[PDB]
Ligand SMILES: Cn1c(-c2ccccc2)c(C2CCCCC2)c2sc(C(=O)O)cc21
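Below, in structure tokens: the form deposited without this ligand, a single chain.
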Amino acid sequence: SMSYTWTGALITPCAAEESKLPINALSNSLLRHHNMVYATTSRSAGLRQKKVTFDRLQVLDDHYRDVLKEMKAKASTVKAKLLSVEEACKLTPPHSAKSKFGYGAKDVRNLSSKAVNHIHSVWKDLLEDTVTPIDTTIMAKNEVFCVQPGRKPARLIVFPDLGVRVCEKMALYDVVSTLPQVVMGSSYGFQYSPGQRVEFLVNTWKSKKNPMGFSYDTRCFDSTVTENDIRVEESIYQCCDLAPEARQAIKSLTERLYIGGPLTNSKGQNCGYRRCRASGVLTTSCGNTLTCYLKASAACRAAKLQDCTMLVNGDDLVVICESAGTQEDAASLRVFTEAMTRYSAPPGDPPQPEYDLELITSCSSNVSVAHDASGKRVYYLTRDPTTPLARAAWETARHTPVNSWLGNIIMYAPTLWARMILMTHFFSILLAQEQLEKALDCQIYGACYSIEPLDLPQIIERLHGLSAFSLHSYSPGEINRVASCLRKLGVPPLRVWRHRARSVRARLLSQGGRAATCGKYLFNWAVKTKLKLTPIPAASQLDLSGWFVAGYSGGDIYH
């Protein structure tokens, strides 16, 4: 069937949308080439609609059903619980979209009786009615990029009312938090810190006699998801040991929301109908991960890839296997792709075999190597810093709900671009505003986290190790990619950043306490006469539970 049917009604914004890079007094210290930076708006939604709208055909074979059976066997070992209304309410981001029924996120969060009453009413209706399609809003996402000589159209987000979103948590939060690791084991990617992911990638790579690897880019994964896939997902959820009410609600959410339903714009006009994955439901991450792992695991068998190890984060897939040499690897991957295509996950750009781990991009990241304090080689994950820096420029001039810069510093802390540019720039800004103590929101694996900037040294230590504060002798390939980015964007040379970082560090040191700790660890690279970095005390008090358990993209989750 068609992924979507459209009425002609337009996808509408809630507020005016800026597409041009806002400029303030801080902008130029980061980036001179402002016209290279843009944000998507709803006004390009028609271009997206076009490309996410196609017919899906699905041909399912024995490998498919075999893998599914294995997945269900493991799923049946999971026991999951219902969350109370209040438990589910506390998982709601403060900035979440408000209900059409006269209450908002903060009402939910502080448990107003108005919110809670509507929630209980939504739940009761889920138990009673397992057929009536549930309403969703379709919006365009405003995301920032750099011009790639041209522009990406806005992504679409499809989400049900707040009342329904709290109910999803009640029925499925424990499931989507617990099931994927039990079903998929070490192949489930959202369980890893950056440190663990690079560890798992390197160990996997060198466990092969002659390693070959490839990332598989599905063309618009969400759109490729069929009703079959979503019913198949539900059948996996139902293997779990669940309370009768959770079973009923899960069945009801599947039939009424997950499978499809009507699409309404912000003005309340009907825009059409969806028959593929909604990107803004609780099950998007878990559903996509299970479905990608199933199709890929079965496609590996069909292609006869040898010792194929998968790493799956939603729709993001990387496979590492044994080479049969270049001719056979190329033919293998074609069989893999034909299978995936038969399963309704055709590729965007065709996959290509890789023989160098560092040339493989997965979760928009590639492995690279640097050296630590004692010369002892260390692997870490990095990326082309263009988009992170284009977004950092936007966020320098505009207050954003989610600070991408903060998530990039957290996840890319060991990189030369994050240490030298992002750390230096934003700590300078926090200092000027005396907002070092001010807790800031960022999204990691789709979930929103409130973070104190001053806890960054502890956070980085836990996620990457001390190495992250002592890394040097980065690779010519990486150094060239950074330098090329700065040239393109008109970002000041690294000597300018080194100069600035010295100032930032000194200023932090002068401050004392946690701020001096930020000065010492984060900016030890800037000083020629290096200080000794010991393991950070009282770091092992702060619990990073909720971190690196599961993915929740589009799932309206707050920790």
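In this text, the rigid core denotes the largest set of C-alpha atoms whose superposition between the two forms falls within 1.5 Å. One-based numbering along the sequence shown.
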If you look at the other compared entries where the surrounding residues are built, does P149 lack coordinates in a third or more?
yes
Taking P149 and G150 as adjacent modelled residues, how many residues of the deposited sequence between them have no coordinates (none, 1 to 3, 4 to 9, 10 or more)?
1 to 3
As stated in the PDB record, which stretch has the larger average Cα B-factor, 276-284 or 362-370?
362-370
Tell me which stretch, 243-251 or 374-382, has the higher mean Cα B-factor listed in the entry.
374-382
Per the PDB entry, which option out of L317, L471, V225, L406 has the greatest Cα B factor?
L471
Given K72, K295, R165, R109, identify the residue with the highest C-alpha B factor in the PDB entry.
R109
What third of the chain, by the recorded C-alpha B-factor, contains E338?
middle
Sorting the chain's CA B-factors, does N28 end up in the lowest, middle or highest third?
highest
By its CA B factor, does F101 count among the lowest, middle or highest third of the modelled residues in the chain?
highest
Third of the chain's Cα B-factor distribution that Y64 belongs to, per the entry
lowest
For the chain shown, is the CA B-factor of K90 in the lowest, middle or highest third of its modelled residues?
middle
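The same protein has a further form, the form solved in complex with this ligand, not shown here; the description that follows concerns it.
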Given this ligand in the orientation seen in the deposited bound form, superposed onto this form through the C-alphas lining the site, is the binding site open or blocked (3 or more ligand atoms within 2.4 angstroms of backbone or C-beta atoms = blocked)?
blocked
Consider the chain as shown here, without its partner, and state which of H425, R274, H118, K169 has a heavy atom within 4.5 Å of this ligand in the deposited bound form.
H425
Have a look at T309, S332, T396, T136 for me and say which one sits with a heavy atom within 4.5 Å of this ligand in the deposited bound form.
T396
Counting only heavy atoms and a 4.5 Å cutoff, which of 90-98, 414-422, 67-75, 298-306 contacts this ligand in the deposited bound form?
414-422
Are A390, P492 and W497 jointly within 4.5 Å of this ligand in the deposited bound form, each by at least one heavy atom?
yes
Verify the contact flag for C518: yes if a non-hydrogen atom of it lies within 4.5 Å of a non-hydrogen atom of this ligand in the deposited bound form, no if not.
no
Looking in the deposited bound form, any heavy atom of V504 within 4.5 Å of this ligand?
no
Using heavy atoms and a 4.5 Å limit, would one call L508 a contact residue for this ligand in the deposited bound form?
no
Please find the residue from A97, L436, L82, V182 showing a Cα shift of 2 angstroms or more between the shown form and the other one, rigid core superposed.
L436
When you overlay the rigid core, is the Cα of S44 off by 2 Å or more between the shown form and the other one?
no
Please say whether, between the shown form and the other one, the C-alpha of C448 moves by 2 Å or more once the core is aligned.
yes
So, does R398 move by 2 Å or more at the CA between the shown form and the other one, with the core held fixed?
yes
